[PDB]
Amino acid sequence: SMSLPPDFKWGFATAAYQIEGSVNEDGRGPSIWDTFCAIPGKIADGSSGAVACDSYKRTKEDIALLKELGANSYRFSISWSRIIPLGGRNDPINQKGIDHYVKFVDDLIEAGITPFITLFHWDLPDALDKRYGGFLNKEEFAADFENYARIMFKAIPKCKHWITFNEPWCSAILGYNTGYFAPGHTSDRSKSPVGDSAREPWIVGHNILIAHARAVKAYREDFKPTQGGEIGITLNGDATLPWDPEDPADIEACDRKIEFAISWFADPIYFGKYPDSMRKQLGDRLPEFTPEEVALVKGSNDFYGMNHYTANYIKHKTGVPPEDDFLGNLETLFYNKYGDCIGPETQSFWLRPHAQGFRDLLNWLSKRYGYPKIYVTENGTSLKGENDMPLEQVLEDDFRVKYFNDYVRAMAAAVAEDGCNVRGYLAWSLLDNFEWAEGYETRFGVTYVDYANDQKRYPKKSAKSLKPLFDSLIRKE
């Protein structure tokens, strides 16, 4: 029923912009998020990644925290603009930036912690966006990304777990359909002077796939022979249930939703084509790969990186969807035809807990993609009103304890009962941190960070719950 293999990797996850602070220190150049946060109205509490958890200066304390919690693994990202402040292949490299991360990894390894390193977690160097529209220029972006990646592969050979992109769905849809995330492109001219919500998202997804696959080929050809290790992309995606369990169109739409959200990226990576359902709806707004691109992209995951948070009921729509539609001509809802609920609210409008969906989606993905090795690179939750609670109540985060309990056991059943090859689980997040367009109000941390008192760390009940939870699941031999 529930049991995990002895080598199982587990720990916590973070991202550079969300935690590091020191946004102008040691040569770092601006990212598209530094710029986006300077624009009134884009961040709900008017804040930015300035200061954040001050983790750039507190690596030693953060490592000691990981060790105190029992983690054997830690996922973090590299700020590209600390490595190449302007980002490009002909721009000057910042050795201080490199040395910071090389040392960090030496120190993690010395503490007995396996590093999982994300190259790109949304913080595109601003200059690349300004020069050529960043992801919108296929050849320029792929060349600059591959160059950046090779610098990191060469400098950090002790890392054996590399992630290219985090959640390209976010970068494409939220960055170029709705403008909710940097760089804020949308057709809506009351929010952005540039963008085309019907066309730019699909170009952005396409070109990220190309860049990913170049970085993977570089890793496999020039580094893996002598350094070993593995590389893949991390995709997010939520589970689906039919709004009307008797309606075959809703049942079909549960698959279609997942195809538009995840298979957009995974079908190219495993099969060398986009989902037929996407081709049908988007037609020539969805780019086509050339034969050379198909060969490059197909087979470009050593493992499947999975981020997962929630589930939705799916209600099919009829007729022709608007050109700005990205869901696949359907509606997502938290209540079904019979008034059944996904789960209670959290601080995030889009997140309700549903552990069964995690198990369901693990199965769906494993079946569609031939049982790849899966690392769960993010899973966790916010808690409604957490930012307003007194300390004693914040630390007693029973709701979050429960989220991890149910989601981790659901995953363990996916493994031991359903045969899914999950080999790691990284809790989002080690620390309360900057939650993008929501600012600091939305807390995902297993560790409370007191921003008013020098970002002092207090482990919550959840933080201490994970080690005994995994002790109950991971086989000794």
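Each residue number is its position in the shown sequence, starting from 1.
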property: 292-300 versus 74-82 - greater average Cα B-factor per the deposited record; result: 292-300
property: Between the two ranges 388-396 and 338-346, the one averaging a larger CA B factor in the entry; result: 388-396
property: Criterion, highest CA B-factor; candidates, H121, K402, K224, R352; result: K224
property: Per the PDB entry, maximal CA B factor within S47, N421, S31, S429; result: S47
property: Assigned third (lowest, middle, highest) for the C-alpha B factor of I39; result: highest
property: Assigned third (lowest, middle, highest) for the C-alpha B factor of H212; result: lowest
property: Where the record places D276 (Cα B-factor, split into thirds across the chain); result: highest
property: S465, C-alpha B-factor rank within chain (lowest, middle or highest third); result: middle
property: Chain-relative CA temperature factor third for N94; result: highest
